[PDB]
Every structure is written in structure tokens, then in C-alpha cells.
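J.: This one's experimental. Sequence and coordinates below.
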Protein chains: 2
Amino acid sequence: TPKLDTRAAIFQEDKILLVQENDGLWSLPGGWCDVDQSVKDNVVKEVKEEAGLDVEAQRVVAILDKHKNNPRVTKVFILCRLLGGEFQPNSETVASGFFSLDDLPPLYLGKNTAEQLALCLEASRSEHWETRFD
Amino acid sequence: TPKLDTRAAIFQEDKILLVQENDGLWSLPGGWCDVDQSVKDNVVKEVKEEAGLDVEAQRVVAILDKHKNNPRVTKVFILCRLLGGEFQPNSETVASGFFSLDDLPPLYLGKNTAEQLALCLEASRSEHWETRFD
């Protein structure tokens, strides 16, 4: 079957949380779903490990086919609510920050486009949401 | 990553479409997601192949972990809207029908519980829907 990728979208003052990798590109916390873990458990653990943050998985923004949306992977964008924490040294990422969608840092487009981040912001602002899929 | 399973929920007069397998058990059309196909393309093709029906993928009912909900699989329940067609001979299923949730036939519980079918009915009746996940 297609490989599962999970991405967490965390907002504070409508600014999105992004993590920076060794190559200097920025992306939503996430990655390939651990075989023995569910989508929700996987995003929450990845946010803790990559951004030092405690979050609660809240809403499925979108389930998207990488080939149709990014430069065989099914990508699950999960809107998460911040509980707390702070960035800590780790083997996966080197920095994190809250970024305005009008002034984004260089993105790892294969992981998340500006369009997908804008979709996540719209999901965070909506009382009702229709999960997108293709 | 976990294997992806897609299930299509099709309603007519609030009765759900179920397909019967060689073992005499009934389930929603679906199966493991083809590696080169998206979730949507995969459910639509599986409905055509298993039930002889043309449907349009509409809504993500739920993305559920098999281990937490059924007797390492991530299950995607998709609400589909019927376009037309009729049951035809095939190598996967032997019959199909619309069943009332108050009088269901014997189910392949590993594929779909009565609870998951009831969840799909609730999604078909709701103008707004919050996609469930765990």
C-alpha cells in the first residue's frame, strides 16, 4: 500500500509552527507513520521529539496523495492544539519557530507547500471543516 | 508504515451497500490501497470492481487504527454517493445489497463493525462532519 506520512499543524496567533532540518529547510513536524502506532499517536510523538512540544491531535485537515500535491505517499495533515513545551536538542531538527503565512521561511516543498499551510490555517479558523482528500 | 485499507459507505434510503465474499460474510466495498493509486481513486475503482457501481468519493468518515477498532492497518472509511450501475460477476465478491442498520446480514467484523456502519450512516445524514481518527 502507499507509505503513510503525518504532518502536524500547530497555531499560535494564526502563526504556524515549523521545524528546521540540517539542510536549512522548514517543515511541519511529522514524518512516516511508525508501523505499530496510530496516526494520532504518531503525530503527537513526532511533535514532542522534533519540536519539544506537547500537543493534542484535533482534526484531520487533509489526506492527500503526495504525487498530486507535492513536487507513492499518502499525506495526513493533522491540526494540533498546543499544550506547552519548548524546543530541545535532538537528532532530527535543529530549530523551530512560529511563522506568519505572509512571511514564511524556506520550505521543504516535498513535505509541505505554502498552499497546504494556508489550508491548515483555514482549518484552524473554521468551526466546521470538511476533510480534504484526493 | 501501516498498511492502508479503504472502505466505501454507499447509502440509498439510509440503507447501506454491502458486498458478500466466498465465506458468506458481508462488508463495505474496499480493500488495501493500490500502491500507485490515491485513496479516492482506489475506493471508486474497488466499488466498480466489487459491486458494479459507479460512485463518487465524497467525505472522509474516519481514519481508524484497526487494532483499536476491529477484532497494523490504518482504515479509511469514505462516504460515497451512488451514480448508478448494478452487481456483476467477479473474482472478489458473489452478491451485494442495500441493508437497513436495524437488520444487518452477518458481517466480516475485521473489515467493518456495526458501530463503524452506524458512524457512516450518521456521516451521510450530517450537513457538517468532523472526520474521526485515533
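T.: Structure's in. What do you need? Residues are numbered from 1 along each chain as shown, chains lettered A, B, ... in the order given.
J.: Quick check: phi and psi on residue A:37?
T.: Dihedral angles of residue A:37 (phi, psi; degrees, to the nearest 10) stand at phi -120, psi 150.
J.: contacting residues around it?
T.: Counting by C-beta atoms under 8 Å, 6 or more residues apart in numbering or on different chains, residue A:37 makes contact with A:45, B:2. Every C-beta, even on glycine, is put in place using the N, C-alpha and C of the backbone.
J.: burial of residue A:85, as a residue count?
T.: The tally of other residues near residue A:85 (other C-beta atoms under 10 Å in any protein chain shown) stands at 13.
J.: Could you check how far it is from residue A:43?
T.: According to C-beta to C-beta, to the nearest Å, residue A:85 stands 14 Å off from residue A:43.
J.: Quick check: phi and psi at residue A:30.
T.: Taking degrees, to the nearest 10, you get phi 160, psi -150 for the backbone angles of residue A:30.
J.: Give me the nearest residue to it, chain neighbours excluded.
T.: Among residues not flanking residue A:30 along the chain, residue A:7 sits closest, at 3.9 Å (C-beta to C-beta, 6 or more residues apart in numbering or on different chains).
J.: so that neighbour bridges to which residues?
T.: residue A:30, residue A:77 (DSSP bridges).
J.: I figured it was touching residue A:32, is that so?
T.: No - with contact defined as C-beta atoms under 8 Å, residue A:7 does not count as touching residue A:32 (10.9 Å).
J.: the more surrounded of those two?
T.: Set residue A:7 next to residue A:32 and count neighbours by other C-beta under 10 Å: residue A:7 wins out with 24 against 14.
J.: how about the more buried one, what does it touch?
T.: Under the criterion of C-beta under 8 Å, 6+ apart, the neighbours of residue A:7 are A:27-30, A:43, A:75-78, A:111-112, A:116.
J.: Distance check, it against chain B.
T.: 14 Å (C-beta to the nearest C-beta, to the nearest Å).
J.: Please determine how far that residue is located from residue B:43.
T.: Distance from residue A:7 to residue B:43, counting by C-beta to C-beta: 22 Å.
J.: same question, residue A:21
T.: 34 Å.
J.: Tell me how far the nearest residue to residue A:19 once chain neighbours are set aside lies from residue A:84.
T.: Closest residue to residue A:19 in three dimensions, ignoring its sequence neighbours and counting by C-beta to C-beta, 6+ apart: residue A:93, at 4.3 Å. The gap separating residue A:93 from residue A:84 is 18 Å, by C-beta to C-beta.
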